[PDB]
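Participant: The following block contains the structure, expressed as structure tokens.
No Cβ is skipped: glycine too gets one built from the backbone with ideal geometry, and neighbour counts run over all protein chains shown. Just so it is clear, none of the values below were taken in a lab; they were calculated from the coordinates.
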Amino acid sequence: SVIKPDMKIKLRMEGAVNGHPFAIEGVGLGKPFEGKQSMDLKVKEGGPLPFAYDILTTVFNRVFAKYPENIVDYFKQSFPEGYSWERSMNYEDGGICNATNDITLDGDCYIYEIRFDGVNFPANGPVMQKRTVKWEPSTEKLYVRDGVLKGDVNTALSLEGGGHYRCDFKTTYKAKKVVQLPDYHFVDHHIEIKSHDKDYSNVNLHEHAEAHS
């Protein structure tokens with residue numbers, strides 16, 4: 001173990017959605033063994049954001065996830081040197097977002113470098129009209145294909161009058177160090193925005209996650 005029970009987070013995301021650039025910075029902390037984390041986020045450029053903040057939240061580290069005895073923890077074992085991931089997020093109306101995160105460690109602080117690019121969100125859909133309410137709880141499936149750890153999530157956002165908006169994620173995780181193939185498993189997620197100001201310039205975000213099979 002290189003991993004304390006309390007650990008800090010620092011991050012920067014640069015990105016664009018339908019060609020509008022922005023940048024967000026964040027600081028948080030979590031409990032990697034409990035699978036819990038919370039963070040405060042600040043829009044530094046491009047604010048106030050003209051799209052639903054929820055498209056960002058799953059992009060703002062599977063180190064924060066209660067793994068039992070039973071299963072190889074690929075993420076705790078990647079450190080100190082860390083790991084990166086890539087994700088495409090395909091929404092049901094054709095909106096597509098690509099993101100990457102590079103995760104290093106300095107002391108007890110995880111450092112994230114994030115890029116986030118979304119296109120083809122329609123002007124009258126729920127993202128550009130800010131009609132999303134929250135992501136539902138979800139289950140990620142992790143498995144190995146040709147020597148790389150993958151994770152699929154088929155989930156949906158809840159919409160303001162009732163209704164859901166589907167999104168399928170495909171993530172590829174890449175340790176920078178030979179670590180174990182884990183065996184096929186799941187992680188359950190619950191992400192929530194606990195508070196925010198009026199225009200989402202300031203946001204407080206929480207996640208809790210546990211692995212199982």
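Participant: Distance between Cα centroids, the stretch 165-188 to the stretch 50-92: provide it in whole Å.
Facilitator: If we compute the Cα centre of each part, the gap is 8 Å.
Participant: What does the charge add up to near residue 125, with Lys and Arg as +1, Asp and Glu as -1, over the other residues with Cβ less than 12 Å from its Cβ?
Facilitator: Summing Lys and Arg as +1 and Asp and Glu as -1 gives 0.
Participant: Could you please state, rounded to a whole Å, how far the C-alpha centre of the stretch 132-159 is from the C-alpha centre of the stretch 1-23?
Facilitator: Going from one Cα centre to the other spans 19 Å.
Participant: A further question on this structure: From largest to smallest, what semi-axes in whole angstrom does the chain give when each is the square root of 5 times an eigenvalue of its alpha carbon gyration tensor?
Facilitator: Semi-axis lengths for the chain are 27, 19, 16 Å.
Participant: Say the dipole of the chain comes from +1 at the beta carbon of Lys and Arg and -1 at that of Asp and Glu; which of 121, 133, 78 then lies farthest toward its positive end?
Facilitator: The residue sitting most towards the positive pole is 78.
Participant: Using the structure shown, select from 4/134; 134/176; 4/44; 10/36; 44/134; 150/194 the pairs with a Cα to Cα distance greater than 27 angstrom.
Facilitator: 4/134; 134/176; 4/44; 150/194
Participant: Just the number, please: percent antiparallel of the DSSP beta bridges in the chain, rounded to the nearest 5.
Facilitator: Close to 90 percent.
Participant: Suppose every K and R has +1 on its Cβ and every D and E has -1 on its Cβ; what is the size of the dipole of the chain about the Cα centre, in Debye to the nearest 20?
Facilitator: 180
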